[PDB]
Amino acid sequence: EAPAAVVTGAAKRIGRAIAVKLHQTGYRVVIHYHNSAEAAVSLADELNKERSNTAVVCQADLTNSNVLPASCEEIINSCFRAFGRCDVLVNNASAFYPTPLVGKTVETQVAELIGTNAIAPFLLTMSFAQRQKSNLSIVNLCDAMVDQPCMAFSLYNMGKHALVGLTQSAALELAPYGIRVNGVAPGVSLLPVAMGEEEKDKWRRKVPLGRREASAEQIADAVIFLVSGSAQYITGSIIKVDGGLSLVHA
Amino acid sequence: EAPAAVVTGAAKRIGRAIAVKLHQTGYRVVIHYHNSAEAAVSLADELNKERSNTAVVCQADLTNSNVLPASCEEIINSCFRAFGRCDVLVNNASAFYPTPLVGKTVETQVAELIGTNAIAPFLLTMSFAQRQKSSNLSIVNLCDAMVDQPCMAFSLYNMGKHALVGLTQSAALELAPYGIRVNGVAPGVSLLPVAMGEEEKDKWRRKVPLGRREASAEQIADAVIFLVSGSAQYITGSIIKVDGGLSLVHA
Amino acid sequence: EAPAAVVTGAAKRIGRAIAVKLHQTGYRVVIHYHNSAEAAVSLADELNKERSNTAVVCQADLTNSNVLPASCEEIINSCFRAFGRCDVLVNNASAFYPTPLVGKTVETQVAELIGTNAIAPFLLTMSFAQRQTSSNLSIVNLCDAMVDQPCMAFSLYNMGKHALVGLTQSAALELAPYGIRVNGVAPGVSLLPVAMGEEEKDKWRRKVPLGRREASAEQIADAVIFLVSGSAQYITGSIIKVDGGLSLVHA
Amino acid sequence: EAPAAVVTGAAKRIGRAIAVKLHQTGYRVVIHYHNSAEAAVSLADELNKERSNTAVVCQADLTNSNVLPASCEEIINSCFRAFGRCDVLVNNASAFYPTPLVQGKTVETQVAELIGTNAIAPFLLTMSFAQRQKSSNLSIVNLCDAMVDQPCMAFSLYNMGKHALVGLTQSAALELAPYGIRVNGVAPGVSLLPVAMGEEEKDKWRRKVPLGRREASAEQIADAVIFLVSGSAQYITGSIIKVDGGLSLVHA
């Protein structure tokens, strides 16, 4: 019978492309979402049309708070309830906005940016590992530019840095259970509607390999590799999918 | 006129040695503490005996909470009330204990470990810089040389230190326009717990290529002094390992 | 037409497994060898028995010398000669032995360790690029996961693998405009040879968090295959560890 | 008795600044040079004028060849001959020029010069330095490059050389730690620019640096060297200190 995967922030964009490829590969998927309820439901419908009873949605705010552990336990619980198993966790959900050092409160920004990008991944990893009853693995969506951070994005960058540490820490600690933990680190990918042709072009032009952004599917391809039987000896690795962007000096 | 430094968790061990060396170098010091009031005050008294009116203490919990930003603002404000200036911020205070993946709730652990190691440093950096909006202004973060060879069951602590690395780098870039340098010192094995069995202390000591011993607090403090000095005025965004080669040792 | 690949040091062990997988995926292949001519030829016989005229062999010493550039050009030429195209280059050939700091001369060791691990890959890279719509051109360098926790007495080997990292990154940048991707695969402990003592083999195996075993040659090859595939077409400058977590383990 | 130091490529620019600062701290110095004989002799003159019998010059090509090991052994031997000891080695000499991957010197000469100076000579010097040893504070400092993981276009061999030197720094730190010899590095970003560089190209480099939009002075680089050799760095080994004013942290 078919393995099962949770993908956080899977309603749209990169998380959706990850959910789609996992499903094409034969996974049953939990499509987690926060605000994008319509897109989530529509994706589950599309996927269930392809193979019945292979997709469910699961709503949760991944902002840090005293109930985040419960929410994260519930996401994993929702995979077992629907599919009787949980083979793969993809930590993709992520808040992203500037927090300059010099109308959300600063503690709300901390809770959002650090919760989504780091604490929730940690709690989800905890619950995933504890619920284990095979090719089990976790893939974290990191950031190829983590050591060349954008100006005024401190809290975001801190979250992505903690996510690197979690990836390495959990790889080590979960290895005795046969659970692999790895990361995929995009550079410029699927820039959204709808920043100017200006700023999109400015970022696309930085990319040595083709002067273009990654497609969502290109990011998903690397996730697919890491969860596959072709990556069974791979744990604690973070694969840049950045067309060489992080190698480019000032 | 004499520059001033805030050192967090400065009552004991490594932070104390940092505050002593800064004081010996000519700084006035805010000795921040959480639970260690008696040692904090004892340090302040010793330093004030050396030079009157050069050391004050400041108490705060640096666990993450709704009140942390105001607590951090108060710490910076306190250096300005005492000394009229704040030249140097040393983020040293840190909670440290295991949080295995498989008394305290996990969200408390998050609050303490990510609060002390990362969020408090960030809020302190904001407040420090906001107050600055021949001066040699800088921040030094106490990191961890073993951050990419993490210890078993220390994921939250490790996550905290990794975030601290990101902060060190992001703030270096963002504050460079104000002449504020931001750097780190990354100990390997330094001061071991008093209560740790000497036999267990020795398993750690034996891992260190250089001398098969832990770093003194003073050796950690030496790197901090360098980073804040006029000899490091082009250095920002750098994290100096002070680890006796430990991080280079394979399994 | 079927794409073609050059694999250096392909007669045995990891290079053989890479050659076989590329061939299984539909590539024609040049099996480069230095001393292992019998094994290179049995490999080509096997592969050509599956699909005719799809494997050839090519001999060369990859030690640095006055003739190395010409040898490297000839390797790439052998692929164009045999197959009309060269889509993939896998730099796998590598000399490996200790060079303590305190009967080959030291300069012969420099030539072999740095030649095979760094200089020949640079020259092969030059010749590969010089010879070049819907193509998928890439280079994969066999690096080393333990490059920043190097083994005692292996400075020149380690220097060579460090230089290969540099090449991987420099070449990814410089060849990107040509559509040529350049990536690395970094084993930890893989296919420990028959020669080595079993207690020393067991020591290395026991260090590996994921299964306390070495990687098979096929496991290393899987990562190579991924990197040369259409599934990695936005990936350049990346080095993928295939090490079962070994590099993450502290002293 | 005063300690002694070898500084490679020390006749001018950063290497000079290092030798001068070491000398001011109380070291006797061997000023190595290759082609800049006049500048080297002029430096030794000044230092000797400050304290008699405290500087000597030593000529050597550090291009890789089968006699490079002898040449490096002789550099260390010259420090012992002049001063009776050798406490500090600074590996500063370096060839630097592009070597484009797609199309003067043959490529094998370019390999020998770029990889020789930046990596192999440091290795051989380190071997000889350790081999010649018996409150000592023995150390090696390697001049690295903060941009090593964001390399400049068409500088493959140079970058390979600097990467190899990182590996040496790390490997030698571990292997020489038992002898009390620390090995560390200093990694400039943009420091002293070429005389001939057009001030427009110079300003393009300057404007990249977050801390001050200016290049590091030679003294700023030397300051980090001096820290690493001092008693204030006695637990530090295997460490590479960027002196780059934030440049390596700046994205494309």
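Here the chain labels run A, B, C and D in written order, and each chain numbers its own residues starting at 1.
In the analysis below, a contact is a pair of C-beta atoms (placed from the backbone, for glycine too) under 8 Å apart; a residue touches a chain by one contact, two chains touch by 3 or more.
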item	value
Taking each chain's C-alpha mean as its centre, the one farthest from subunit C	B
Gap in Å, rounded to a whole number, between the CA centres of subunit D and subunit C	32
Euclidean distance of C-alpha centroids - subunit A vs subunit D, Å	44
Junction residues of subunit B, two or more chains touched	148, 150, 169, 173, 247-249
Category of the chain touch graph - line, ring, star, complete, other	complete
All touching chain pairs, where touch follows the definition stated at the start	A-B, A-C, A-D, B-C, B-D, C-D
Touch list for subunit C against partner subunit B, complex	146, 148-151, 207, 246-251
Residue numbers on subunit C that touch subunit A, as the complex places them	169, 172-173, 176-177, 179, 181, 209-211, 215-216, 219, 222-223, 225-226, 231-238, 240-245, 247-249
Touching residues on subunit D, where the partner in the complex is subunit C	64-66, 68-69, 100-103, 107-108, 111, 115, 119-120, 123-124, 126-127, 130-131, 148-149, 151, 153-157, 159-168, 170-172, 174-176, 179
